[PDB]
Amino acid sequence: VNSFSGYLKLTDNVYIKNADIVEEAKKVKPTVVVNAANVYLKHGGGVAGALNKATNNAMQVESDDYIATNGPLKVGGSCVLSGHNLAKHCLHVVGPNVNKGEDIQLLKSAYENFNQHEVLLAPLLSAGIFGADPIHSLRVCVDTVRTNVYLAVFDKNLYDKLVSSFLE
Ligand SMILES: CC(C)[C@H](Nc1ncnc2[nH]ccc12)c1ccc2c(c1)S(=O)(=O)CCO2
C-alpha cells in the first residue's frame, strides 16, 4: 500500500525519517523494502539481521536456497527475492564495505538498482559497520536515484547530522 508518514522531504523524490526500517515496513506495507546485503546473503547482523529476524528466519532460508543455485552477488549488484511479511519484494543490494577495503566508487552502482522500482523503503547504503561516510552516501543517493525513496535511519544523532549537513 506504500502508506509512508512522518518523513522529512529532502528533494522531490528523496525522503528521510529517524526510524527502524523493520517498524517502517510493518506500518507502510511497501511494494519494496531494500536490504543492506552482502554478496553471500548472510543476514546475521545490523539491517539484514533485523529484517531477517522480523521474517522469523524465512528470509535467510530463501536466501540460502538462492545462493546454492546461483552463487554470490557482486558488489554494487542486487537481487529481487520475496518480501515475506514485510513487503511484496525485498531488493537485496550490496553496497561496498570500505572497512574491508572495497571501492567506494561502487556506491553509485548500488543506488542505481533503486531506479528499477517506482517507490522503495530503504536504509542508507554502506553506512554503519560498512564504513562509508554517511553524508557521502546520502549525496550519492540524491544524485543517482530518480524514483521515490524513503530512507529510514535508525539513530537520532546520525539523522540529525544528515539533515543539518544536507540543509547547509
Ligand atoms: C547507519 C545505521 C544507523 C543503519 N542502521 C539501521 N538503519 C535502519 N533500520 C535499522 N534497523 C536496524 C538497524 C538499522 C545502517 C545502515 C546501513 C547499513 C548498516 C546500518 S549495517 O551496519 O547493518 C551494514 C551496512 O549497511
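## Thoughts on the side chain of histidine 43
- Mapped onto the secondary structure, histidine 43 falls in the loop between β3 (32-36) and α2 (46-54).
- Polar side-chain contacts of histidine 43 include one of 2.8 Å to the side chain of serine 63.
- Contacts of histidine 43, omitting those with residues within four sequence positions, involve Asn35, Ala48, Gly49, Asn52, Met59, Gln60, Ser63 and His92.

## Focus: the site of the ligand
- In the neighbourhood of the ligand, 15 residues make up the surrounding shell, with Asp20, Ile21, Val47, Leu124 and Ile129 lying closest.
- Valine 47 places a polar main-chain atom, nitrogen or oxygen, 3.0 Å from an oxygen atom of the ligand.
- Taking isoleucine 129, its main chain carries an N or O atom lying 3.0 Å from an oxygen atom of the ligand.
- Protein chains bury 86% of the 550 Å² of accessible surface belonging to the ligand in isolation.
- Because more than half of its atoms lie within 2 Å of the grid, the ligand is assigned to the largest pocket.
- No other element matches the three residues that α2 contributes to the shell around the ligand.
- Partitioning the shell around the ligand into residue classes produces eleven nonpolar, two polar and two charged.

## Observations regarding the packing of aromatic side chains
- Enumeration over the complete set of coordinates arrives at five aromatic pairs.
- Measuring from centroid to centroid gives 3.8 Å for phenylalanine 4 and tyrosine 150, while their planes differ by 5°, and the two rings are stacked. Of this pair, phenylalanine 4 sits in the segment before β1 (8-9) while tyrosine 150 sits in strand β7 (residues 148-153), placing them 146 residues apart in sequence.
- Residue classification places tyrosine 150 among the buried residues on the basis of a relative accessible area of 14%.
- Consider the rings of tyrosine 15 and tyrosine 150, whose centres lie 4.6 Å apart with planes at 5°: the pair is stacked. Of this pair, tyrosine 15 sits in strand β2 (residues 14-18) while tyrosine 150 sits in strand β7, placing them 135 residues apart in sequence. Side by side, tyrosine 15 and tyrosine 150 carry an identical accessibility label, which is buried.

Rules behind the numbers
- Residues numbered from 1 in each chain as written, not as in the entry; some residues may be left out.
- Heavy atoms only, no water.
- Helix = DSSP H or I, 4+ residues; strand = E, 2+ residues; numbered from the N terminus.
- Polar contact = N/O pair within 3.5 Å; in protein donor to acceptor, adjacent residues only side chain to side chain.
- Contact = heavy atoms within 4.5 Å.
- Near = heavy atom within 4 Å.
- Areas by Shrake-Rupley, 256 points an atom, 1.4 Å probe, with all protein chains shown as cover.
- 1 Å grid on protein atoms, 1.4 Å probe; cavity = no way out; pocket = protein on both sides within 12 Å on 5 of 7 lines; lining within 4 Å.
- Sits in = over half its atoms within 2 Å of the grid points.
- Nonpolar A, V, L, I, M, F, W, Y, C, P; charged D, E, K, R; others polar.
- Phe/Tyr/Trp six-rings, centres within 6.5 Å; stacked < 30°, edge-to-face > 60°.
- Buried < 20%, exposed > 50% of the residue type's maximum accessible area, 1.4 Å probe, protein only.

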